[PDB]
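Encoded as structure tokens, the structure appears first; notes follow it.
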Amino acid sequence: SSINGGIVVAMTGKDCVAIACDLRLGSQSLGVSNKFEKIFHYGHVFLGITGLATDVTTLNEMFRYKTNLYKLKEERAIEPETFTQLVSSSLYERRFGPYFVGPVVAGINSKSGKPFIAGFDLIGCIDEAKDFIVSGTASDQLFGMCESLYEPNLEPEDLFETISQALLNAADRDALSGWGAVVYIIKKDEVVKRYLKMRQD
Amino acid sequence: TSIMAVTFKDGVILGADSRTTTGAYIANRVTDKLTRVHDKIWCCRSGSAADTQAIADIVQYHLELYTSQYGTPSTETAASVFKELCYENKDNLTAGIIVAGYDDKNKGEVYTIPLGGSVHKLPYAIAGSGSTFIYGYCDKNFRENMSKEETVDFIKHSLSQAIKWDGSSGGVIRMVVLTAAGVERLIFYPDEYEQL
Amino acid sequence: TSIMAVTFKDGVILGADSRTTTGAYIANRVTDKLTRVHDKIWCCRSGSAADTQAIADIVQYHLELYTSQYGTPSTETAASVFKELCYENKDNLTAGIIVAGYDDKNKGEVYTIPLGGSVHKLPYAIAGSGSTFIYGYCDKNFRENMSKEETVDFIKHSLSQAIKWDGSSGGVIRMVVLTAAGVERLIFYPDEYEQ
Amino acid sequence: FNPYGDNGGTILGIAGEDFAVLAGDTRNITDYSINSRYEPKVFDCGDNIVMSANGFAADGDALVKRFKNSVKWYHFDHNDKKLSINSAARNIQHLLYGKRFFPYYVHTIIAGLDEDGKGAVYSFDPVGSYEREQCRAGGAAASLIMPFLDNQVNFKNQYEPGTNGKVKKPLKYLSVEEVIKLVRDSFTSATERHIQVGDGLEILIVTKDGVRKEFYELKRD
Amino acid sequence: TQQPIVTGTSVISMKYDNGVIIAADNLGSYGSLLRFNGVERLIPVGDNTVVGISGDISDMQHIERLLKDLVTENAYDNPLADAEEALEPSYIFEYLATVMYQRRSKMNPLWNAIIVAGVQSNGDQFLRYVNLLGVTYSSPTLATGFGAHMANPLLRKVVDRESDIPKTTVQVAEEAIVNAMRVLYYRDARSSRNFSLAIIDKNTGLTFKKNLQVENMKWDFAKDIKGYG
Amino acid sequence: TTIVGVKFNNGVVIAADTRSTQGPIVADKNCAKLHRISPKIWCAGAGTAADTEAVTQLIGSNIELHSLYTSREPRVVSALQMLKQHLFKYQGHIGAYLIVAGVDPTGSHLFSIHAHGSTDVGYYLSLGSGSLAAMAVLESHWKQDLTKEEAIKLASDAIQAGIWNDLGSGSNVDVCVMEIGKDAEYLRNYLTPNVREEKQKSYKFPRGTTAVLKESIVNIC
Amino acid sequence: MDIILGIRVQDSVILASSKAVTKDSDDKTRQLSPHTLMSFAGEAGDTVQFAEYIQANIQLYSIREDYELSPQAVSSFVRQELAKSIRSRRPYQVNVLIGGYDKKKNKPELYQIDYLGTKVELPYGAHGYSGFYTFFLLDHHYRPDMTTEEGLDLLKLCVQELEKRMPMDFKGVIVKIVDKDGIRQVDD
Amino acid sequence: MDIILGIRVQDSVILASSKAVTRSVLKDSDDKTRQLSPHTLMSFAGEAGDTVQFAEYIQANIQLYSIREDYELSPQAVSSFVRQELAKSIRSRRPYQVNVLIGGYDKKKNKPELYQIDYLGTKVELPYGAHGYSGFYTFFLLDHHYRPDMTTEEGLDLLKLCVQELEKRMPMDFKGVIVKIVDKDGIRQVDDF
Amino acid sequence: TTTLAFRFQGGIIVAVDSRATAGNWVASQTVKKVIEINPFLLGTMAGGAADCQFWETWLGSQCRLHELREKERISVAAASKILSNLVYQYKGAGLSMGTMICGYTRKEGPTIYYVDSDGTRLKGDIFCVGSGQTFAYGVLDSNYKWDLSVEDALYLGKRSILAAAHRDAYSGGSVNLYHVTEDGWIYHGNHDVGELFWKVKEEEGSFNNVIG
């Protein structure tokens, strides 16, 4: 882990969520790709994975497999909480052989309508927070920026600015991140994806 | 830990301290190191707590099955079960056990299973980290036949010295007497044995 | 391996065994672990032999100079010299030393100097590998103001137990009595303390 | 034998247009245990120079007392000539490099006014490399403060609205009150997110008038 | 120097409105063997200073000899060596800290944790800490080694901040110290039942209490614990 | 990390803090450590949080199946045996240190379980990094006759001492009371003494501050 | 060690491979499909074993379906194989470049797969330290609408820079071109 | 890494030294030789920094001796001095990791001389020699083609063959070679090799 | 860290970045990696910052003493050899240093020496020492000639630093340029790497792979 770089941050607003990530992929100091997206979505739930890129791709494929089978069997899209439990169980199934990843789940429950964000450790310990979740090689800078900037009950327009500023300023202080950023603003029925202009790229 | 078991005229007497330490910190000060594996067969455990507890539970299960099938097991049978468990898994266990029981053999019986899983039958046995300081004393104040009160006094003096000179031993002194009348449990507090 | 010093009523008696082992093999079956520093004020040493011999020689030379120049040294002076030698070479020597002495004013003094160079007086002292087996017994059978014969019996019993229960300890039992009468040497053979 | 240790502090130096601010937490700890809740690390060394060494407490105290002695001897040997901030920085560099092979396990920040009257902050590394900066945080919470200062002092990654990110937000003069507010917010965030950070904040302000002190309470009182 | 052989135990201390209280046990443990008893670890210096030492006891004796030498040296050519030019806790602590730091810098440390307590000539209570590596700090309550983890939380319940110092009487502080010693004897395997306690008060002076014993212990409930299931 | 259990005349009480950290960084400030094994058998865990959660859930499911099979109320001795055998089988690799309290038709029980598989019985127990301060408080202020209020207050005071004196503990206090003859009472955030206090400034960026390259719409719904 | 480079130009994929094995006529390539080639580098004969295994699987698929796989599917299959390999005993230390022309979309594609199983699909890529000595030129003289001859000249410049500025003598280079007609070898 | 070759003919000594200073490649025109005396030349290889310092120290000592005595040291004396210095350094705190070739022309006997010395202090007088791993590749050619009675041109041709073999065989690219010739007229450097 | 320096008809061009990182975290982005030895000498900082600063200031003091004693400006070779001899004493003690001593003197023209902590000292035309030295050296080698004007040389240095900063994660917070002539050094300002990247991409059609 910590050889490819990458940072993801999720925040909860008023009837909406935001999830942003960097785009750098590299082999230690050398930069390889500036288009390596680390955010995926199944149904209406979004997942960001930091750490080893191979494990990120493997987990994305496995979770797409499981979510498609779930939709076929239950005739219903999976909710963020059930997906969080599934991810935690899958991560714990690899005890002593863990995937070197940091996962973060975001989304709005279709039925209840409230936002939901959560994070996972190496072996699938669920960390549910009502304000923000951070992951990556710049987690300390992300924690500082989120603690300084975040406010409860933010409109999507203000939430986008807050999360973008936090991500950009955290990435500018990390050597293994900052080759482009992408932000998802997720509402009850509409999702907006935006690319950010930043230095070093 | 300081543990001992001595045979006397009416049976056998087991004595133990009540201190369990994690490094230099006393995790438990009311530990009960006297374990019952049959109605009149008891064992004293020293070493790793988890290993000793698991071995005691397995021996208790085996002796219960033996009682259901065959009747009343002898103390030698319990010692043999302990020996098999300790010797088969000597590479992954740290347990020193003293098996004391009263049966038709009379005068009590004491077996010792030290590290390695060996078996030795002795009139009296001492074990634990605190026993090293009370060896010579116990070799100068032991007699083959003694009454109940004299044996209790001997145990109290030996364990008092062991607690005094060993930092890994402390707390209250717990004693178990196995005789034809049954099982008796005795507690001696630091205000009593710190003098005699 | 089993060394002791006791002050009873009229002087001090120091006792020791005579076994020196280079591992499981007994290198010297009968060794004299009691070494004279002065006419009085001399006791036994444990631990490594070479370091103890060097320290004893240095202390003897220093106390010879002290006697020649400033009068007669006390027991505490010898204890202080031993303490300085052990403490300044803390990372270089591993001796362990008990020092026992007699003089008219105090009538028997004992000082214990373990590893690290610390010094303690105590009424009686035990040291060595075998002494670990006699800590309780010596605590249960020591009284102040005993006679010479009672002290000899107590030392004999304690050293016999140490010899029995320690593999690396025990040949014959050597005792030295320092009183106003003089210096007396005593030896006890295995057939005596084993029965 | 390990001749080093960590006491877990956090300091921050910010240079203004005509002032300097050096702030620090007052918690001294070792291995999840709190040695003290009020152990000051920021000292007035004289000549309007304020120095703070963070990390190993003993090495920091030794460096501070050596620098004070050096200032005293400089006053003695040069007819009480005032020591400039750059001269003090070079002297501290020489002091640090004098024991490069047995280095102090500290990070040093000094603050004052330059010969033109503007705020000056100098940062040092353990083996004696120094640079003049405008904002520098040191300690275990430095990674949680510097991005926030970059965003809120240098206005990095900020652009004027309505220009679609074509005109950067211009730099603006900040009074001492704004610097104090930013320092307090950064230290509050560090206290929130760092276990080793936060028992009380001590701030020293250097101007032409002199050095003044302020104190504020943090969590774990 | 490189590793301690005979080691002491926790030393605890706190400040009350008129002075300082410092206590320590009398054990000379040799690892897991309680080899030596009746070892005094509170060294009185002058009529106003008490030094508590924890750790290697040979180094404790070395630095107490150093303190005796310093007291002897302070009286040389000093007509006011007992009125106004006498030693103070601050001077003694500075000398001890300098010695400890110099020993650390040569990679030949004194394996000790030292608490200096006393009353200054102006009536201010002095209580400061030093150890190997030369780390120094001050607090209204101080404790070394094991007592740093158990005695400090209890004492801080009485004196939590500076403003609590004027509100604490000597009786309350002494009761807290005795309770902390009882807890330490409960939970420390290298502790002893006997301890010494020193009180330095601006008015009364130095009061030394030796041969104190831990009492009012609780062991009755242990009769109800049997087995482990 | 500080977990305390205290028995009183009519049941048991368990309490814990709500801080979860990874290294010196505080990850979760309102973590829940009181895990429910059965409706009247509860447990609090220390060490690896994932291991504690997984083992508690597995043992709870097994004990629920056993209760359905035997048509009897579950007993905490069965849970203790299952936990100890599991941990012994895994030889301490599952780093869970548990305090298990419960009420069954045989009475109220309180046990402590270590990672390697050793169990201890007592009237008051403490585990975690702040366990020494909590143990000191328990030794100072415990007696045989305790009502529910006294036990709750003693557990809360021990948790508060662990919070104030241990760097690895903090935030809030959660308390579960068993109280034989009644339903188990869970009190999450029973004490909240660690508020953040208001900041000195508002940090709401103006709209349009961030430069955007491309904006699109995701077909996700 | 060994130099593997690849450039994707507007209607072609150019692959350059070192010819030195520590022999001077080493072909570190395997034709997976008539429109898909793969170059491999890294450790010892494990690379040849992995390449032959992948080639056999792809040939079996083509025989079964009578329809060649797209370059994206081949790259995904290789990435899955490497990801499975790393998580088991005896992993493969193979870094590969896959160049293929998609006939359905009529477009060249280049994929870079690490030994751990990381896939990027760069417009131009390299494996080893050869990226250090070439990526500047590729960052300065590459366009998405370049022709085959311009790509060949750029590759010539990169190879000359590698020869001049690298201490290791890799004994020339062998160049393959993948386009609509298939795979050809440049004899220059 | 560094190729140091030396050959001896009936009336001359030929020395060849590589140009690469790779540590990424910095210089391709390094002259790894020092002129000890107008008839004695030294070629050096080994650890970075040590070689230049040792060569300059030897050159300074030889120049000081020549100025003091108004006489030129024979190649054997210079080789003995260098070997003694290396042997003294081998048991010092910071030994030099330097291997040297000494090429001289004894005017008293009118005869070329070549000496090979390692950092340990082993000195050998050989018709030809090499330092490093170039010996493994050039020893066959030197054993098969060398003759005691050879001219400068034949030696240059043999050196060209050895250099071509090294280029064809060495995995490391030493990027050419610089050749110097020592004879009765002094020291000369050839061009277009 | 790239810290390149090359020679041309107008003298010497020195270009450095300003990024200092510790444990993948960017400690500073305003680090001055050029040391002004005297009004006529410049040095580059690579390896250990403290060693470079301290010993190059010491070298400046030594050069001042030499010019005071000899009433003549010291040559670049003499100062470089003084620094190399000083460093060679401390070899094996853990010093890390890579420096380019660049100077324009009347006798020797423009001269650049490279001196490392291992004791190596060699004169050359173009030098690049750092983590991203390869990209900058490649750019220089592709676009070097002893015919460039001052402006072209400055732009070449900026372009090489930009390439190194883009392709190396440990390099690039700003670009600092210096021009060394026979009358000393001239400082050509500090240029932000982020703005420079966009400016170069807009002017020259390079970096097509980056979306802007």
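Following the order of the structure tokens, chains are lettered A, B, ..., residues in each are numbered from 1, and ligands are numbered from 1.
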Exercise: region 76-81 of chain F partners within 8 Å, only C-alpha atoms, chain neighbours under 5 positions left out, as a list in words: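 Counting only the stated atoms, we get residues 229 of chain E; 41, 59, 60, 63, 100, 101, 102, 103, 104, 109, 111 and 113 of chain F.
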For the interface of chain A with chain D (cut-off 12 Å, counting only C-alpha atoms), please tabulate each contacting residue of chain A alongside its nearest pair of atoms and their separation in Å to one decimal, rows sorted by chain and increasing number, as a tab-separated table.
```
residue	atom	partner	partner_atom	distance
A:137	CA	D:143	CA	11.7
A:138	CA	D:143	CA	8.9
A:139	CA	D:144	CA	9.2
A:140	CA	D:144	CA	5.7
A:141	CA	D:144	CA	5.0
A:142	CA	D:144	CA	7.8
A:143	CA	D:144	CA	6.9
A:144	CA	D:144	CA	4.5
A:145	CA	D:148	CA	5.9
A:146	CA	D:189	CA	9.1
A:147	CA	D:189	CA	5.8
A:148	CA	D:189	CA	6.1
A:149	CA	D:148	CA	8.7
A:150	CA	D:189	CA	11.2
A:161	CA	D:158	CA	10.1
A:162	CA	D:158	CA	11.3
A:164	CA	D:157	CA	9.3
A:165	CA	D:157	CA	6.9
A:166	CA	D:148	CA	8.6
A:167	CA	D:147	CA	10.2
A:168	CA	D:157	CA	6.9
A:169	CA	D:147	CA	5.6
A:170	CA	D:147	CA	6.1
A:171	CA	D:147	CA	9.0
A:172	CA	D:147	CA	7.8
A:173	CA	D:147	CA	6.6
A:174	CA	D:143	CA	9.7
A:196	CA	D:165	CA	10.2
A:197	CA	D:165	CA	8.4
A:198	CA	D:157	CA	7.6
A:199	CA	D:157	CA	8.8
```
If you take only C-alpha atoms and a cut-off of 10 Å, which residues of chain D touch chain F, and what are their nearest atom pairs and distances in Å to one decimal, in chain and number order, as CSV?
```
residue,atom,partner,partner_atom,distance
D:29,CA,F:167,CA,8.9
D:30,CA,F:167,CA,9.7
D:31,CA,F:167,CA,8.6
D:32,CA,F:167,CA,4.9
D:33,CA,F:166,CA,6.1
D:34,CA,F:165,CA,6.8
D:35,CA,F:165,CA,10.0
D:140,CA,F:24,CA,8.8
D:141,CA,F:25,CA,9.5
D:152,CA,F:203,CA,8.9
D:157,CA,F:210,CA,7.0
D:158,CA,F:209,CA,5.4
D:159,CA,F:209,CA,4.9
D:160,CA,F:209,CA,6.0
D:161,CA,F:208,CA,4.5
D:162,CA,F:208,CA,6.3
D:163,CA,F:208,CA,8.1
D:164,CA,F:211,CA,5.8
D:165,CA,F:211,CA,4.5
D:166,CA,F:211,CA,8.2
D:168,CA,F:209,CA,9.3
D:169,CA,F:209,CA,8.8
D:178,CA,F:201,CA,9.2
D:180,CA,F:200,CA,9.3
D:181,CA,F:200,CA,5.6
D:182,CA,F:200,CA,7.7
D:183,CA,F:200,CA,9.7
D:184,CA,F:200,CA,7.5
D:185,CA,F:199,CA,6.0
D:186,CA,F:199,CA,9.6
D:188,CA,F:196,CA,8.0
D:189,CA,F:196,CA,9.0
D:190,CA,F:25,CA,9.6
D:191,CA,F:196,CA,9.4
D:192,CA,F:196,CA,7.5
D:193,CA,F:26,CA,5.1
D:194,CA,F:25,CA,5.1
D:195,CA,F:167,CA,5.7
D:196,CA,F:24,CA,7.0
D:197,CA,F:24,CA,9.5
D:218,CA,F:196,CA,9.3
D:219,CA,F:194,CA,7.1
D:220,CA,F:164,CA,6.2
D:221,CA,F:164,CA,8.4
```
Distance-based interface of chain B with chain C, 6 Å, counting only C-alpha atoms, as number ranges by chain: B: 132-137, 161
So that I can see what lies close to residue 105 (chain E), please list as a CSV table (one decimal) with N, CA and C atoms, in the first residue's frame the residues with an atom at most 12 Å from it, counting only C-alpha atoms and leaving out residues fewer than 2 positions away in the same chain.
```csv
chain,number,residue,atom,x,y,z
D,1,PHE,N,20.4,1.6,25.6
D,1,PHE,CA,20.0,2.9,26.1
D,1,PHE,C,19.7,3.8,24.9
D,2,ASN,N,18.5,4.4,24.9
D,2,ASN,CA,18.0,5.3,23.8
D,2,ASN,C,18.1,6.7,24.4
D,3,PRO,N,19.0,7.6,23.8
D,3,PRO,CA,19.2,8.9,24.4
D,3,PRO,C,18.2,9.9,23.9
D,4,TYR,N,17.1,9.5,23.2
D,4,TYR,CA,16.1,10.4,22.7
D,4,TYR,C,14.7,10.1,23.2
D,58,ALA,N,14.3,18.1,26.6
D,58,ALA,CA,15.6,18.4,27.1
D,58,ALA,C,16.5,19.1,26.1
D,59,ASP,N,16.5,18.6,24.9
D,59,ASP,CA,17.3,19.3,23.8
D,59,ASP,C,16.8,20.7,23.6
D,62,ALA,N,18.0,22.9,26.4
D,62,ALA,CA,19.4,23.2,26.3
D,62,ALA,C,19.7,24.2,25.2
D,99,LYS,N,26.9,20.2,16.7
D,99,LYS,CA,26.7,18.9,17.1
D,99,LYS,C,25.8,18.1,16.1
D,102,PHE,N,25.6,14.4,16.7
D,102,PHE,CA,24.8,14.0,17.9
D,102,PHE,C,23.7,15.1,17.9
D,103,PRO,N,22.8,15.2,16.9
D,103,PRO,CA,22.0,16.3,16.7
D,103,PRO,C,20.9,16.5,17.8
D,104,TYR,N,20.5,17.7,18.0
D,104,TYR,CA,19.3,18.0,18.8
D,104,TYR,C,18.1,17.4,18.0
E,98,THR,N,21.2,19.5,35.6
E,98,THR,CA,22.5,19.7,34.8
E,98,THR,C,23.3,18.4,34.9
E,99,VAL,N,23.4,17.8,36.0
E,99,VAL,CA,24.2,16.5,36.1
E,99,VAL,C,23.5,15.4,35.3
E,100,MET,N,22.2,15.3,35.4
E,100,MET,CA,21.5,14.3,34.6
E,100,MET,C,21.6,14.4,33.1
E,101,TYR,N,21.5,15.7,32.7
E,101,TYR,CA,21.7,15.9,31.2
E,101,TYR,C,23.1,15.7,30.8
E,102,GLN,N,24.1,16.1,31.6
E,102,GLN,CA,25.5,15.8,31.2
E,102,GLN,C,25.8,14.3,31.2
E,103,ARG,N,25.2,13.6,32.1
E,103,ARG,CA,25.3,12.1,32.1
E,103,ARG,C,24.7,11.5,30.8
E,107,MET,N,26.2,9.3,27.1
E,107,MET,CA,25.7,7.9,26.9
E,107,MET,C,26.0,7.0,28.2
E,108,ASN,N,26.1,7.7,29.3
E,108,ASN,CA,26.3,7.0,30.6
E,108,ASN,C,25.3,7.6,31.6
E,109,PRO,N,24.0,7.3,31.5
E,109,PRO,CA,23.0,7.9,32.3
E,109,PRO,C,22.9,7.4,33.7
E,110,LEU,N,22.3,8.2,34.5
E,110,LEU,CA,21.8,7.7,35.9
E,110,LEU,C,20.4,7.3,35.8
E,132,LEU,N,16.3,10.5,33.6
E,132,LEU,CA,17.3,10.3,32.6
E,132,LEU,C,16.8,11.0,31.3
E,133,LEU,N,17.8,11.2,30.4
E,133,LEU,CA,17.6,12.0,29.2
E,133,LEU,C,17.4,13.5,29.5
E,134,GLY,N,17.4,13.8,30.8
E,134,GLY,CA,17.3,15.2,31.2
E,134,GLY,C,16.0,15.9,31.0
```
Could you list, as a PyMOL selection string, every residue within 6 Å of region 104-116 of chain A, counting only C-alpha atoms and ignoring same-chain residues fewer than 4 positions away? chain A and resi 45-48+79-80
Could you make a table, as CSV, of the residues of chain E that have an atom within 7 Å of an atom of chain C, each with its nearest atom pair and distance in Å to one decimal, counting only C-alpha atoms, in chain and number order?
```
residue,atom,partner,partner_atom,distance
E:5,CA,C:116,CA,5.7
E:57,CA,C:118,CA,6.7
E:58,CA,C:118,CA,4.5
```
May I ask which of the residues E:64, E:175, E:188, E:162 is the closest one to chain D, counting only C-alpha atoms?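 So, comparing all the options, the nearest one is E:162.
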Neighbours of residue 28 (chain D) within 12 Å (only C-alpha atoms; same-chain residues fewer than 3 positions away dropped), as a ChimeraX atom specification? /D:5-10,24-25,31-41,54-58,195-200 /E:135-139 /F:167
How would the residues just picked look written out with N, CA and C atoms as a compact mmCIF listing (two decimals), in the first residue's frame?
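File result27.txt, as written:
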```txt
# COMPACT_ATOMS: atom_id res chain seq x y z
N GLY D 5 13.82 11.05 23.03
CA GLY D 5 12.43 10.89 23.41
C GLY D 5 11.58 11.92 22.72
N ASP D 6 10.26 11.71 22.80
CA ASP D 6 9.29 12.60 22.17
C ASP D 6 8.30 13.08 23.22
N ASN D 7 8.04 14.39 23.23
CA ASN D 7 7.10 14.98 24.18
C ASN D 7 5.84 15.53 23.52
N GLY D 8 5.74 15.46 22.20
CA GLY D 8 4.49 15.73 21.51
C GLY D 8 3.90 17.12 21.66
N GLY D 9 4.56 18.13 21.09
CA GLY D 9 4.05 19.48 21.07
C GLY D 9 3.73 19.95 19.66
N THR D 10 3.16 21.15 19.60
CA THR D 10 2.82 21.77 18.32
C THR D 10 2.98 23.28 18.42
N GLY D 24 1.99 28.13 20.59
CA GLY D 24 2.32 26.75 20.91
C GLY D 24 1.34 26.15 21.89
N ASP D 25 1.19 24.83 21.82
CA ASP D 25 0.40 24.12 22.81
C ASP D 25 1.23 23.90 24.07
N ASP D 31 4.23 8.63 25.70
CA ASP D 31 3.64 7.30 25.56
C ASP D 31 2.26 7.21 26.21
N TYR D 32 1.33 8.00 25.67
CA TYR D 32 -0.08 8.02 26.07
C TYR D 32 -0.29 8.48 27.51
N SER D 33 0.70 9.10 28.13
CA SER D 33 0.58 9.61 29.49
C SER D 33 0.91 11.10 29.49
N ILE D 34 0.14 11.87 30.26
CA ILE D 34 0.27 13.32 30.29
C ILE D 34 1.23 13.70 31.41
N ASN D 35 2.43 14.14 31.05
CA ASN D 35 3.38 14.63 32.05
C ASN D 35 2.88 15.92 32.68
N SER D 36 2.41 16.86 31.87
CA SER D 36 1.98 18.15 32.38
C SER D 36 1.00 18.79 31.40
N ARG D 37 0.08 19.57 31.95
CA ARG D 37 -0.90 20.28 31.15
C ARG D 37 -0.48 21.71 30.82
N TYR D 38 0.48 22.27 31.55
CA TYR D 38 0.98 23.62 31.29
C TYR D 38 2.50 23.59 31.44
N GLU D 39 3.19 23.33 30.34
CA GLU D 39 4.65 23.36 30.28
C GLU D 39 5.03 24.22 29.09
N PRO D 40 5.27 25.52 29.31
CA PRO D 40 5.48 26.44 28.18
C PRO D 40 6.70 26.06 27.35
N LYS D 41 6.57 26.26 26.03
CA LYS D 41 7.65 25.98 25.09
C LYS D 41 8.11 27.21 24.32
N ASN D 54 10.68 22.54 19.43
CA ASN D 54 9.65 21.54 19.65
C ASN D 54 10.22 20.15 19.40
N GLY D 55 9.77 19.18 20.20
CA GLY D 55 10.24 17.82 20.08
C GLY D 55 10.79 17.28 21.38
N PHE D 56 12.09 16.98 21.41
CA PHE D 56 12.73 16.55 22.64
C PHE D 56 12.80 17.73 23.61
N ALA D 57 12.17 17.58 24.78
CA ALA D 57 12.09 18.69 25.72
C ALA D 57 13.46 19.09 26.25
N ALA D 58 14.30 18.11 26.58
CA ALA D 58 15.62 18.42 27.14
C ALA D 58 16.50 19.13 26.12
N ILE D 195 -4.43 13.29 19.33
CA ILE D 195 -4.47 12.95 20.75
C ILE D 195 -3.38 13.68 21.52
N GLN D 196 -2.22 13.89 20.91
CA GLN D 196 -1.10 14.55 21.59
C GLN D 196 -1.26 16.06 21.67
N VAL D 197 -2.25 16.63 20.99
CA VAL D 197 -2.38 18.08 20.86
C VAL D 197 -3.58 18.54 21.68
N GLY D 198 -3.36 19.55 22.52
CA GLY D 198 -4.44 20.30 23.13
C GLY D 198 -4.61 20.17 24.62
N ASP D 199 -4.02 21.13 25.35
CA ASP D 199 -4.37 21.44 26.73
C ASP D 199 -4.48 22.94 26.99
N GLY D 200 -3.85 23.77 26.17
CA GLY D 200 -3.85 25.21 26.31
C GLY D 200 -2.95 25.83 25.26
N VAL E 135 14.91 15.12 30.89
CA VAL E 135 13.59 15.70 30.64
C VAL E 135 13.05 16.26 31.95
N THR E 136 12.68 17.54 31.93
CA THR E 136 12.17 18.23 33.11
C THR E 136 10.80 18.83 32.82
N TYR E 137 9.94 18.80 33.83
CA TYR E 137 8.64 19.44 33.76
C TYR E 137 8.08 19.57 35.17
N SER E 138 7.06 20.42 35.30
CA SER E 138 6.42 20.69 36.57
C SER E 138 4.91 20.55 36.43
N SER E 139 4.27 20.24 37.55
CA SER E 139 2.82 20.04 37.60
C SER E 139 2.37 20.09 39.06
N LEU F 167 -4.45 9.25 26.81
CA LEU F 167 -4.53 9.90 25.51
C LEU F 167 -5.33 9.08 24.51
```
Select, as a PyMOL selection string, those residues of chain B with any atom no more than 8 Å from chain F (distances computed using only C-alpha atoms). chain B and resi 28+30-31+49-51+53
Go through chain I and flag each residue having an atom no more than 6 Å from chain G; for those, report the closest pair of atoms plus their distance in Å to one decimal, using only C-alpha atoms, ordered by chain and rising number, as CSV.
```
residue,atom,partner,partner_atom,distance
I:135,CA,G:136,CA,5.7
I:206,CA,G:140,CA,4.7
I:207,CA,G:139,CA,5.2
```
Create the file for the chosen residues now, containing N, CA and C atoms and written as a PDB file, in the first residue's frame.
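Output file selection36.pdb is given in full below:
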```
ATOM      1  N   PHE I 135      14.736  13.620 -16.672  1.00  0.00           N
ATOM      2  CA  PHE I 135      13.895  14.336 -17.627  1.00  0.00           C
ATOM      3  C   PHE I 135      14.523  15.666 -18.027  1.00  0.00           C
ATOM      4  N   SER I 206       2.658  21.246 -26.422  1.00  0.00           N
ATOM      5  CA  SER I 206       3.097  20.095 -25.652  1.00  0.00           C
ATOM      6  C   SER I 206       2.055  19.723 -24.597  1.00  0.00           C
ATOM      7  N   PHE I 207       2.274  18.566 -23.966  1.00  0.00           N
ATOM      8  CA  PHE I 207       1.397  18.044 -22.916  1.00  0.00           C
ATOM      9  C   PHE I 207      -0.041  17.892 -23.413  1.00  0.00           C
TER      10      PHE I 207
END
```
What separation in Å, quoted to one decimal, exists between CA of residue 110 (chain B) and CA of residue 74 (chain B)? 11.7 Å
